[PDB]
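Before any comments, here is the structure.
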Protein chains: 4
Amino acid sequence: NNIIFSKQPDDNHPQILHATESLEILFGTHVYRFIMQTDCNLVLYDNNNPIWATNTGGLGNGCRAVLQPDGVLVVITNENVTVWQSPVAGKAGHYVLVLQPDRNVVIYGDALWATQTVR
Amino acid sequence: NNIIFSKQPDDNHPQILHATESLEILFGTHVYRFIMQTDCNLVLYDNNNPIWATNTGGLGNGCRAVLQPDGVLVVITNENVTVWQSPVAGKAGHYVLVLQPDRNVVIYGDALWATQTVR
Amino acid sequence: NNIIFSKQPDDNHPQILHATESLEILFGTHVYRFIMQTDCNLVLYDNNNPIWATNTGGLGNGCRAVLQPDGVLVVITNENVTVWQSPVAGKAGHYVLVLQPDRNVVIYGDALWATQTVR
Amino acid sequence: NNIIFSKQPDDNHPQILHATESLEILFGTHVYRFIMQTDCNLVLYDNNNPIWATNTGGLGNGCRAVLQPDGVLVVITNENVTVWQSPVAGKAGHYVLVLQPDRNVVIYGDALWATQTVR
């Protein structure tokens, strides 16, 4: 899976990456994995090399990453303490985070247009 | 694949749906396909039932769908005549179109934040 | 996933289909699922239509399917009673069960040749 | 895709890996790719490291790999010269080659049992 959808009451999923869960895609000889680790660090790996992280290892147990409806990605511990947030917020709406073939992780939104074909 | 990326100079793909190509995902035993047909109609199917279309069948040959850098999705023929465009545009930037598990097809953008981990 | 590997001491997986798990592939807009149901019946579905089954529903609880090292597929309950087995056995070795695009589910083995590239 | 099926008149596919085509699976931080290259060498790579090859680079152009009905995998050039064969043959039947999570590439067959649910 390549995408997390912002919290919303519909069956778009995933909306949460719990500990041990990840986005992953393949490019060439590279696996890119964006994973909420059991030590509370959310990391992007290119094969076994860490390329970017929230640097929150050791802050909590049972952490999850959630994308809020204003586009902010947060990591929250199992006691419900937010230990990291992305730094820019948008208008409330619907957003997606995508792990992309170019190795960038990008949050896009809000939604500009849709077919309106839910169901 | 579930996503089209807006035309841009990087290796995100796909950026064009040529004729016969599609996005496709599964929801249970339903297959959702968003396909650029040979007859120039761009159609969302739930299994074999058409649920939405640009209604452009017969209007051109050798058609493609592209997501422009202002977030407008267009269907263009092999003589470069645009025969359909979505109706709302945003600022120039990067956008994505996603076929979602809830059966909506949505354009999001522009990019709000990224890890900046290209390449 | 399209394949079950016979029980063996290496990291090939899956080697067991626990209840609710399945093999699944797509052929066009048909979904073929070979599922170990909660009611102990192991069933091949074409979409929502059952096309073959072990006819073991209600015979046990908490059932699993495993492919033994002689190529026999068995359904075993959570009290380790075998309630169904395929009818032909081969020599001990390594075998695979595959859900194939032609909608047949086939057990092959034992291994005839390999690159010998484990690990 | 993880499997090649032996040549047979049914729509199990793939039965041929043409030049540039490959099997690929992910394990952990590893991509394993088994690819018929444009230089006629059929290679198994673990990320960018070649781990095993037929050593047929430079023997031909437009080569393809085919799994015959007696279980022998061959590489054949676009002039139809066989330039490599696996060394053990079985009875004629149906076989499969699988690129496995343990990094072994294995041909299994002949078929021992099937549901007989073709269609």
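Residues in the structure tokens are numbered from 1 in each chain, the chains being A, B, ... in the order shown, and ligands are numbered from 1 in the order shown.
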
Go through chain C and flag each residue having an atom no more than 10 Å from chain D; for those, report the closest pair of atoms plus their distance in Å to one decimal, using only C-alpha atoms, ordered by chain and rising number, as JSON lines.
```
{"residue": "C:1", "atom": "CA", "partner": "D:2", "partner_atom": "CA", "distance": 9.5}
{"residue": "C:2", "atom": "CA", "partner": "D:2", "partner_atom": "CA", "distance": 8.8}
{"residue": "C:3", "atom": "CA", "partner": "D:2", "partner_atom": "CA", "distance": 9.3}
{"residue": "C:5", "atom": "CA", "partner": "D:100", "partner_atom": "CA", "distance": 9.4}
{"residue": "C:10", "atom": "CA", "partner": "D:102", "partner_atom": "CA", "distance": 6.8}
{"residue": "C:11", "atom": "CA", "partner": "D:102", "partner_atom": "CA", "distance": 5.5}
{"residue": "C:12", "atom": "CA", "partner": "D:101", "partner_atom": "CA", "distance": 5.2}
{"residue": "C:13", "atom": "CA", "partner": "D:101", "partner_atom": "CA", "distance": 7.0}
{"residue": "C:14", "atom": "CA", "partner": "D:101", "partner_atom": "CA", "distance": 9.6}
{"residue": "C:27", "atom": "CA", "partner": "D:11", "partner_atom": "CA", "distance": 10.0}
{"residue": "C:44", "atom": "CA", "partner": "D:117", "partner_atom": "CA", "distance": 8.9}
{"residue": "C:46", "atom": "CA", "partner": "D:119", "partner_atom": "CA", "distance": 9.9}
{"residue": "C:51", "atom": "CA", "partner": "D:117", "partner_atom": "CA", "distance": 7.3}
{"residue": "C:52", "atom": "CA", "partner": "D:115", "partner_atom": "CA", "distance": 7.3}
{"residue": "C:53", "atom": "CA", "partner": "D:115", "partner_atom": "CA", "distance": 8.9}
{"residue": "C:54", "atom": "CA", "partner": "D:115", "partner_atom": "CA", "distance": 9.9}
{"residue": "C:71", "atom": "CA", "partner": "D:112", "partner_atom": "CA", "distance": 7.5}
{"residue": "C:72", "atom": "CA", "partner": "D:113", "partner_atom": "CA", "distance": 8.8}
{"residue": "C:73", "atom": "CA", "partner": "D:113", "partner_atom": "CA", "distance": 9.6}
{"residue": "C:86", "atom": "CA", "partner": "D:113", "partner_atom": "CA", "distance": 7.7}
{"residue": "C:87", "atom": "CA", "partner": "D:113", "partner_atom": "CA", "distance": 8.0}
{"residue": "C:88", "atom": "CA", "partner": "D:113", "partner_atom": "CA", "distance": 6.8}
{"residue": "C:89", "atom": "CA", "partner": "D:112", "partner_atom": "CA", "distance": 7.7}
{"residue": "C:90", "atom": "CA", "partner": "D:112", "partner_atom": "CA", "distance": 7.5}
{"residue": "C:94", "atom": "CA", "partner": "D:108", "partner_atom": "CA", "distance": 8.3}
{"residue": "C:95", "atom": "CA", "partner": "D:108", "partner_atom": "CA", "distance": 6.9}
{"residue": "C:96", "atom": "CA", "partner": "D:108", "partner_atom": "CA", "distance": 7.5}
{"residue": "C:97", "atom": "CA", "partner": "D:114", "partner_atom": "CA", "distance": 9.0}
{"residue": "C:98", "atom": "CA", "partner": "D:96", "partner_atom": "CA", "distance": 9.2}
{"residue": "C:99", "atom": "CA", "partner": "D:115", "partner_atom": "CA", "distance": 9.9}
{"residue": "C:100", "atom": "CA", "partner": "D:12", "partner_atom": "CA", "distance": 6.5}
{"residue": "C:101", "atom": "CA", "partner": "D:12", "partner_atom": "CA", "distance": 5.3}
{"residue": "C:102", "atom": "CA", "partner": "D:12", "partner_atom": "CA", "distance": 5.5}
{"residue": "C:103", "atom": "CA", "partner": "D:118", "partner_atom": "CA", "distance": 5.0}
{"residue": "C:104", "atom": "CA", "partner": "D:117", "partner_atom": "CA", "distance": 4.8}
{"residue": "C:105", "atom": "CA", "partner": "D:115", "partner_atom": "CA", "distance": 5.6}
{"residue": "C:106", "atom": "CA", "partner": "D:114", "partner_atom": "CA", "distance": 4.3}
{"residue": "C:107", "atom": "CA", "partner": "D:113", "partner_atom": "CA", "distance": 5.5}
{"residue": "C:108", "atom": "CA", "partner": "D:111", "partner_atom": "CA", "distance": 4.3}
{"residue": "C:109", "atom": "CA", "partner": "D:109", "partner_atom": "CA", "distance": 4.3}
{"residue": "C:110", "atom": "CA", "partner": "D:108", "partner_atom": "CA", "distance": 5.7}
{"residue": "C:111", "atom": "CA", "partner": "D:108", "partner_atom": "CA", "distance": 4.4}
{"residue": "C:112", "atom": "CA", "partner": "D:108", "partner_atom": "CA", "distance": 5.6}
{"residue": "C:113", "atom": "CA", "partner": "D:107", "partner_atom": "CA", "distance": 5.5}
{"residue": "C:114", "atom": "CA", "partner": "D:106", "partner_atom": "CA", "distance": 4.2}
{"residue": "C:115", "atom": "CA", "partner": "D:105", "partner_atom": "CA", "distance": 5.5}
{"residue": "C:116", "atom": "CA", "partner": "D:104", "partner_atom": "CA", "distance": 5.8}
{"residue": "C:117", "atom": "CA", "partner": "D:104", "partner_atom": "CA", "distance": 4.8}
{"residue": "C:118", "atom": "CA", "partner": "D:104", "partner_atom": "CA", "distance": 4.8}
{"residue": "C:119", "atom": "CA", "partner": "D:102", "partner_atom": "CA", "distance": 5.8}
```

May I have the residues within 12 Å of residue 76 of chain D as a compact mmCIF listing (two decimals) with N, CA, C and O atoms, in the first residue's frame, using only C-alpha atoms and disregarding those fewer than 5 positions away in the same chain?
```
# COMPACT_ATOMS: atom_id res chain seq x y z
N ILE D 16 6.04 -17.43 -20.61
CA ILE D 16 7.31 -17.05 -21.25
C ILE D 16 7.81 -15.80 -20.53
O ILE D 16 6.97 -14.92 -20.35
N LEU D 17 9.09 -15.68 -20.25
CA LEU D 17 9.61 -14.37 -19.82
C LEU D 17 10.41 -13.80 -21.04
O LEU D 17 11.41 -14.41 -21.42
N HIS D 18 9.82 -12.74 -21.61
CA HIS D 18 10.54 -12.22 -22.81
C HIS D 18 11.58 -11.30 -22.24
O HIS D 18 11.62 -10.96 -21.06
N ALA D 19 12.44 -10.77 -23.11
CA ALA D 19 13.54 -9.91 -22.65
C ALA D 19 12.95 -8.70 -21.96
O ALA D 19 11.88 -8.16 -22.40
N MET D 36 14.90 -11.86 -17.36
CA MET D 36 15.52 -12.20 -18.72
C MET D 36 16.05 -10.94 -19.30
O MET D 36 15.27 -10.08 -19.70
N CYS D 40 20.60 -11.41 -23.08
CA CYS D 40 20.44 -12.83 -23.08
C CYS D 40 20.85 -13.58 -21.84
O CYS D 40 20.82 -14.78 -21.83
N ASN D 41 21.20 -12.85 -20.75
CA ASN D 41 21.56 -13.52 -19.52
C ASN D 41 20.25 -13.55 -18.63
O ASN D 41 19.65 -12.50 -18.63
N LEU D 42 19.97 -14.71 -18.10
CA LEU D 42 18.80 -14.78 -17.13
C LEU D 42 19.44 -14.77 -15.72
O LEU D 42 20.29 -15.59 -15.40
N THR D 54 22.44 -17.64 -15.70
CA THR D 54 22.71 -18.69 -16.69
C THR D 54 24.09 -18.40 -17.38
O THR D 54 24.54 -19.45 -17.90
N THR D 56 24.79 -16.58 -19.95
CA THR D 56 24.56 -16.57 -21.40
C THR D 56 24.57 -15.19 -21.95
O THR D 56 24.06 -14.81 -23.08
N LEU D 59 25.14 -14.08 -25.84
CA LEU D 59 24.92 -15.17 -26.81
C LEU D 59 23.87 -14.87 -27.84
O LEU D 59 23.87 -15.55 -28.96
N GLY D 60 23.05 -13.87 -27.75
CA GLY D 60 21.91 -13.81 -28.68
C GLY D 60 21.26 -12.47 -28.41
O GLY D 60 21.71 -11.82 -27.46
N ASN D 61 20.27 -12.08 -29.15
CA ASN D 61 19.39 -10.98 -28.93
C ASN D 61 17.92 -11.50 -28.83
O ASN D 61 17.70 -12.61 -29.33
N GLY D 62 17.12 -10.66 -28.20
CA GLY D 62 15.69 -10.99 -28.13
C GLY D 62 15.44 -12.36 -27.46
O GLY D 62 14.62 -13.13 -27.91
N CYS D 63 16.15 -12.59 -26.37
CA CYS D 63 16.04 -13.98 -25.85
C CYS D 63 14.75 -14.09 -24.90
O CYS D 63 14.29 -13.04 -24.55
N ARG D 64 14.40 -15.34 -24.80
CA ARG D 64 13.19 -15.54 -23.90
C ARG D 64 13.53 -16.78 -23.14
O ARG D 64 14.30 -17.70 -23.42
N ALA D 65 12.83 -16.85 -21.91
CA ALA D 65 12.97 -18.05 -21.14
C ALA D 65 11.61 -18.80 -21.09
O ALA D 65 10.60 -18.11 -20.93
N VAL D 66 11.67 -20.09 -21.21
CA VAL D 66 10.40 -20.83 -21.38
C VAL D 66 10.53 -22.01 -20.48
O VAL D 66 11.57 -22.63 -20.32
N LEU D 67 9.42 -22.48 -19.82
CA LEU D 67 9.51 -23.69 -19.05
C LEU D 67 8.77 -24.80 -19.79
O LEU D 67 7.59 -24.67 -20.03
N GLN D 68 9.51 -25.79 -20.21
CA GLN D 68 8.88 -26.82 -21.09
C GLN D 68 8.02 -27.73 -20.33
O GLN D 68 8.10 -27.84 -19.07
N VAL D 81 17.63 -20.54 -31.24
CA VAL D 81 18.67 -21.42 -30.74
C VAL D 81 18.64 -21.49 -29.16
O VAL D 81 18.59 -20.40 -28.65
N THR D 82 18.55 -22.69 -28.74
CA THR D 82 18.55 -22.88 -27.26
C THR D 82 19.97 -22.70 -26.79
O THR D 82 20.91 -23.45 -27.21
N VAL D 83 20.12 -21.72 -25.89
CA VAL D 83 21.50 -21.48 -25.38
C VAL D 83 21.74 -21.86 -23.96
O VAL D 83 22.87 -21.86 -23.43
N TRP D 84 20.66 -22.29 -23.25
CA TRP D 84 20.86 -22.87 -21.93
C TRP D 84 19.63 -23.70 -21.49
O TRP D 84 18.52 -23.43 -22.03
N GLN D 85 19.91 -24.76 -20.80
CA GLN D 85 18.84 -25.61 -20.30
C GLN D 85 19.16 -25.96 -18.83
O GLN D 85 20.30 -26.31 -18.53
```

Do you have the atom CA of residue 45 of chain D-atom CA of residue 31 of chain D distance handy?
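Straight-line distance from atom CA of residue 45 of chain D to atom CA of residue 31 of chain D works out to 7.9 Å.
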
Which is closest to residue 4 of chain B among B:57, B:79, B:69, B:50, if we use only C-alpha atoms?
B:69

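For segment 39-88 of chain A, a DSSP pass over the backbone yields strand (DSSP E) at residues 42, 43, 44, 45, 46, 49, 50, 51, 52, 53, 64, 65, 66, 67, 73, 74, 75, 76, 82, 83, 84 and 85 of chain A.
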
What is the atom CA of residue 92 of chain A-atom CA of residue 8 of chain A distance in Å, reported with one decimal?
11.0 Å

Counting only C-alpha atoms, which residue out of B:38, B:74, B:91, B:28 sits closest to residue 58 of chain B?
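Residue with the minimum atom-to-atom distance to residue 58 of chain B: B:38.
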